[PDB]
Amino acid sequence: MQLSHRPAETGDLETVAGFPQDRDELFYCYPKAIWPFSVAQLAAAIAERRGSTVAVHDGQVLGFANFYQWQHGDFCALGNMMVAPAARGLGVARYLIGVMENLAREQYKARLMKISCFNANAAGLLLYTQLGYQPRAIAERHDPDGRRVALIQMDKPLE
């Protein structure tokens, strides 16, 4: 697909806040958020994070991601990774992750990208594996019902 990218803008918030289709999907990309997702919750994340970026195809915002950790010369950690349900499986996240890797390299001089993915999120785990991310550790977390889940902490060298 012909894809472009740019920093997220206020007009994009409504569309992006619509990407998570259920409580599980919101949990996977933003576990601190509370369902239902809202533009206020998205805007709050953007304001306390860095590098909020959208992927665009055929005039439609189809993907979003940002960094929740950024350490110059060291690493960035990617979060809020989400794609419009109708546009999944078409390379939008692959594209946007490539863009985010370049941004980490160029703006943060990062040697490493960290991505953490919840155990139930098979689509995420398989994506990051295909992009060359390796699992490093597993941490315990809790889901919104208080049930115990496993957070798979992965990384990839940059440059």
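Because the Cβ atoms are built from the backbone with ideal geometry, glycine has one as well, and the counts that use them run over all protein chains shown. None of the figures in this text is laboratory data; all of them are computed from the coordinates on show.
Laid out as a table, the results:
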quantity: First in region 14-29 and crowded, with 18+ Cβ neighbours inside 10 Å, second anywhere and part of a helix (DSSP H, G or I), Cβ under 6 Å, 6 or more apart; calculated: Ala17/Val39; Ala17/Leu42; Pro20/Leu26
quantity: Residues of region 98-115 satisfying the condition of being within 10 Å of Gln71 (Cα to Cα) and of a type in the set (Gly, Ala, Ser); calculated: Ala104, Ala110
quantity: Meets criteria (of a type outside the set (S, T, N, Q) and crowded, with 20+ Cβ neighbours inside 10 Å) for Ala110; calculated: yes
quantity: Lone qualifier among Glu159, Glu140 - being more than 17 Å from the chain's Cα centre (by Cα) and closer than 21 Å to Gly51 by Cβ; calculated: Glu159
quantity: Members of region 9-20 that are farther than 16 Å from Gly59 by Cβ and not aromatic (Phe, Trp, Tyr); calculated: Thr10, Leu13, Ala17, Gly18, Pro20
quantity: Residue ID - surrounded by the most Cβ atoms within 10 Å (Cβ to Cβ), chosen from residues in region 67-86 that are under 14 Å from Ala17 (Cβ atoms) and touching a helix residue (DSSP H, G or I) at 6+ places or on another chain (Cβ under 7 Å); calculated: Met82
quantity: Residue list for region 103-135, filter: in contact with a strand residue (DSSP E or B) (Cβ under 6 Å, 6 or more places away or on another chain) and among the hydrophobic types (A, V, I, L, M, F, W, C); calculated: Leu103, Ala104, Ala110, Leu112, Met113, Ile115, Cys117, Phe118, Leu125
quantity: Top-ranked residue in region 93-102 [being farther than 10 Å from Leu78 by Cβ and touching a strand residue (DSSP E or B) at 6+ places or on another chain (Cβ under 8 Å); ranked as surrounded by the most Cβ atoms within 10 Å (Cβ to Cβ)]; calculated: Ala93
quantity: Selection count, region 120-159, where residues are under 18 Å from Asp22 (Cβ atoms), of a type in the set (S, T, N, Q) and exposed (fewer than 14 other Cβ atoms within 10 Å of the Cβ); calculated: 0
quantity: Filtered residue count, region 123-159, keeping only those that are in contact (Cβ under 8 Å) with a residue 60 or more places away in the chain and among the hydroxyl-bearing types (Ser, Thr, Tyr); calculated: 0
quantity: Given (1) acidic (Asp, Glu); (2) free of Cβ contacts under 8 Å to residues at least 24 places away in the same chain; (3) buried (at least 18 other Cβ atoms within 10 Å of the Cβ), number of the condition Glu48 does not satisfy; calculated: (3)
quantity: Pairs where the first residue, in region 73-92, is farther than 22 Å from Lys109 by Cβ and touching a residue at least 24 places away in the same chain (Cβ under 8 Å) and the second is surrounded by 15 or more Cβ atoms within 10 Å (Cβ to Cβ) and basic (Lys, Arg), C-beta under 9 Å, 6+ apart; calculated: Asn80/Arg49
